[PDB]
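Q: The structure follows.
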Amino acid sequence: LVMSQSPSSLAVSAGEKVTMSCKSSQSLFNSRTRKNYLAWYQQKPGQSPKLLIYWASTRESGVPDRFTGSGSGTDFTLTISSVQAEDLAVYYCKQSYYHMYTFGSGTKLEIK
């Protein structure tokens with residue numbers, strides 16, 4: 001199961017919006033539970049990954065709603081409105097539909 005993310009790098013100004021794509025090589029949508037097993041992670045310089053969103057669009061506790069996730073099947077997207085300096089990080093999507101989880105290439109985000 002291949003996970004393709006993009007773009008590779010994003011350099012934007014504070015307050016602008018960015019959207020990043022994560023394509024799975026297989027539907028992560030389960031007809032039974034009605035859930036896409038796709039999660040989005042934020043990884044700040046040197047730290048461990050912070051779960052941002054799970055089930056494609058459900059935010060974790062305390063995650064600001066500037067972060068929006070969406071999509072189903074194979075095409076997913078993560079939206080970050082009004083980017084802040086604190087968002088400086090690499091964002092990774094992870095599938096948890098199969099026994100063995102898979103991460104994406106990741107998308108680096110820098111704030112000018």
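Residues are referred to by chain and number: the chain letter is A, B, ... according to the order shown in the structure tokens, the number counts from 1 in that chain, and ligands are numbered separately from 1 in the order shown.
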Considering only C-alpha atoms, return as a list in words whatever protein or nucleic-acid residues lie within 12 Å of residue 75 in chain A, sequence-local ones (same chain, fewer than 4 positions apart) excluded.
A: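 The filter keeps residues 3, 4, 5, 6, 20, 21, 22, 23, 24, 25, 26, 27, 28, 29, 36, 37, 38, 56, 69, 70, 71, 93 and 95 of chain A.
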Q: Please produce a file of those selected residues containing N, CA, C and O atoms, as a CSV table (one decimal), in the first residue's frame.
A:
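Saved as part39.csv:
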```
chain,number,residue,atom,x,y,z
A,3,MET,N,1.6,5.3,-0.2
A,3,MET,CA,1.0,6.6,0.1
A,3,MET,C,1.8,7.7,-0.5
A,3,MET,O,2.9,8.0,-0.1
A,4,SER,N,1.1,8.4,-1.4
A,4,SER,CA,1.8,9.5,-2.1
A,4,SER,C,1.3,10.9,-1.7
A,4,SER,O,0.1,11.2,-1.8
A,5,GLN,N,2.2,11.7,-1.1
A,5,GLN,CA,1.9,13.1,-0.6
A,5,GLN,C,2.5,14.1,-1.5
A,5,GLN,O,3.4,13.8,-2.3
A,6,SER,N,1.9,15.3,-1.4
A,6,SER,CA,2.5,16.4,-2.2
A,6,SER,C,1.7,17.7,-1.8
A,6,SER,O,0.6,17.7,-1.3
A,20,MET,N,-2.8,20.3,1.3
A,20,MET,CA,-1.9,19.3,0.9
A,20,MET,C,-2.7,18.0,0.7
A,20,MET,O,-3.6,17.7,1.3
A,21,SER,N,-2.2,17.3,-0.3
A,21,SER,CA,-2.8,16.1,-0.8
A,21,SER,C,-2.1,14.8,-0.3
A,21,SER,O,-0.9,14.8,-0.1
A,22,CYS,N,-2.9,13.8,-0.1
A,22,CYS,CA,-2.4,12.5,0.3
A,22,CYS,C,-3.2,11.5,-0.5
A,22,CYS,O,-4.4,11.3,-0.2
A,23,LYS,N,-2.5,10.8,-1.4
A,23,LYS,CA,-3.2,9.8,-2.2
A,23,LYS,C,-2.8,8.4,-1.8
A,23,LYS,O,-1.6,8.0,-1.7
A,24,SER,N,-3.8,7.5,-1.5
A,24,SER,CA,-3.5,6.1,-1.1
A,24,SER,C,-3.6,5.3,-2.3
A,24,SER,O,-4.3,5.6,-3.3
A,25,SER,N,-2.9,4.2,-2.4
A,25,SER,CA,-2.9,3.3,-3.5
A,25,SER,C,-4.0,2.2,-3.4
A,25,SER,O,-3.9,1.1,-3.9
A,26,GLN,N,-5.0,2.6,-2.6
A,26,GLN,CA,-6.1,1.6,-2.3
A,26,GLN,C,-7.1,2.3,-1.4
A,26,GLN,O,-6.7,3.1,-0.5
A,27,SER,N,-8.4,2.2,-1.7
A,27,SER,CA,-9.4,2.8,-0.9
A,27,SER,C,-9.3,2.5,0.6
A,27,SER,O,-9.1,1.3,1.0
A,28,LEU,N,-9.3,3.5,1.4
A,28,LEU,CA,-9.1,3.3,2.9
A,28,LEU,C,-10.5,3.5,3.5
A,28,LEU,O,-10.7,3.6,4.7
A,29,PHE,N,-11.5,3.5,2.6
A,29,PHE,CA,-12.9,3.6,3.0
A,29,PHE,C,-13.5,2.2,3.3
A,29,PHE,O,-13.6,1.4,2.4
A,36,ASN,N,-13.0,6.2,6.7
A,36,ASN,CA,-11.8,6.2,5.9
A,36,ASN,C,-10.7,6.2,6.9
A,36,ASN,O,-10.5,7.1,7.7
A,37,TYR,N,-9.9,5.1,6.9
A,37,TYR,CA,-8.8,5.0,7.9
A,37,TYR,C,-7.6,5.8,7.4
A,37,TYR,O,-6.5,5.2,7.1
A,38,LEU,N,-7.7,7.1,7.5
A,38,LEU,CA,-6.6,8.0,7.0
A,38,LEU,C,-6.3,9.0,8.2
A,38,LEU,O,-7.3,9.7,8.6
A,56,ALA,N,-9.9,10.6,8.6
A,56,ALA,CA,-9.9,11.6,7.5
A,56,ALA,C,-10.4,13.1,7.8
A,56,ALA,O,-9.8,14.0,7.3
A,69,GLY,N,-9.5,18.5,7.6
A,69,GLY,CA,-9.2,17.4,6.8
A,69,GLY,C,-10.4,16.9,6.0
A,69,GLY,O,-11.5,17.0,6.5
A,70,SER,N,-10.2,16.4,4.8
A,70,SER,CA,-11.3,15.9,4.0
A,70,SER,C,-11.0,14.9,2.9
A,70,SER,O,-9.8,14.7,2.6
A,71,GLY,N,-12.0,14.3,2.4
A,71,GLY,CA,-11.8,13.3,1.3
A,71,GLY,C,-12.2,11.9,1.7
A,71,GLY,O,-12.5,11.7,2.9
A,93,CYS,N,0.5,11.9,6.5
A,93,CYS,CA,-0.7,11.2,6.5
A,93,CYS,C,-0.4,9.7,6.7
A,93,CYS,O,0.6,9.2,6.2
A,95,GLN,N,-2.1,5.7,6.9
A,95,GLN,CA,-3.3,4.8,6.7
A,95,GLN,C,-3.3,3.8,7.8
A,95,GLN,O,-2.2,3.3,8.2
```
Q: Taking the chain letters and numbering used in this document, name the residues of range 55-96 of chain A that DSSP puts in strand (DSSP E or B), as a list in words.
A: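 Written out, the strand (DSSP E or B) residues of range 55-96 of chain A are residues 58, 59, 67, 68, 69, 70, 71, 72, 75, 76, 77, 78, 79, 80, 89, 90, 91, 92, 93, 94 and 95 of chain A.
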Q: Excluding same-chain residues fewer than 3 positions from residue 81 in chain A, what lies within 7 Å of it counting only C-alpha atoms, as a count of residues only?
A: 5
Q: Residues at most 8 Å from residue 9 in chain A, counting only C-alpha atoms, excluding those fewer than 3 positions away in the same chain, as a short mmCIF file (atom, residue, chain, number, x, y, z; two decimals) with N, CA, C and O atoms, in the first residue's frame?
A:
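Dumped everything to around-v1.cif:
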```cif
data_model
loop_
_atom_site.label_atom_id
_atom_site.label_comp_id
_atom_site.auth_asym_id
_atom_site.auth_seq_id
_atom_site.Cartn_x
_atom_site.Cartn_y
_atom_site.Cartn_z
N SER A 6 1.94 15.32 -1.41
CA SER A 6 2.46 16.44 -2.18
C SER A 6 1.71 17.71 -1.79
O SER A 6 0.60 17.65 -1.26
N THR A 107 4.88 16.43 3.83
CA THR A 107 4.94 17.74 3.20
C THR A 107 5.51 18.75 4.19
O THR A 107 4.93 18.98 5.26
N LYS A 108 6.64 19.33 3.84
CA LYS A 108 7.29 20.31 4.70
C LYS A 108 6.63 21.66 4.52
O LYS A 108 6.33 22.07 3.39
N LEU A 109 6.38 22.35 5.63
CA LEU A 109 5.75 23.66 5.59
C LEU A 109 6.59 24.69 6.31
O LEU A 109 6.90 24.53 7.48
N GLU A 110 6.97 25.75 5.60
CA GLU A 110 7.72 26.83 6.24
C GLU A 110 6.92 28.11 6.13
O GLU A 110 6.24 28.35 5.13
#
```
Q: In Å, how far is it from CA of residue 43 in chain A to CA of residue 90 in chain A?
A: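 Distance reported for this atom pair: 5.4 Å.
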Q: Using only C-alpha atoms, which of the listed residues (A:12, A:80, A:111, A:85) sits closest to residue 63 in chain A?
A: A:80
Q: Hey, which of A:30, A:8, A:47, A:19 ends up closest to residue 77 in chain A? Count only C-alpha atoms.
A: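 Comparing A:30, A:8, A:47, A:19 against residue 77 in chain A, the winner is A:19.
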Q: May I ask for the distance between CA of residue 102 in chain A and CA of residue 2 in chain A, given in Å to one decimal place?
A: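 About the pair CA of residue 102 in chain A and CA of residue 2 in chain A: they are 7.5 Å apart.
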Q: From the list A:78, A:88, A:39, A:52, which residue is nearest residue 11 in chain A when using only C-alpha atoms?
A: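 So, comparing all the options, the nearest one is A:88.
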Q: What's the separation between CA of residue 35 in chain A and CA of residue 79 in chain A, in Å to one decimal place?
A: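 Taking CA of residue 35 in chain A as the start and CA of residue 79 in chain A as the end point, the length is 19.3 Å.
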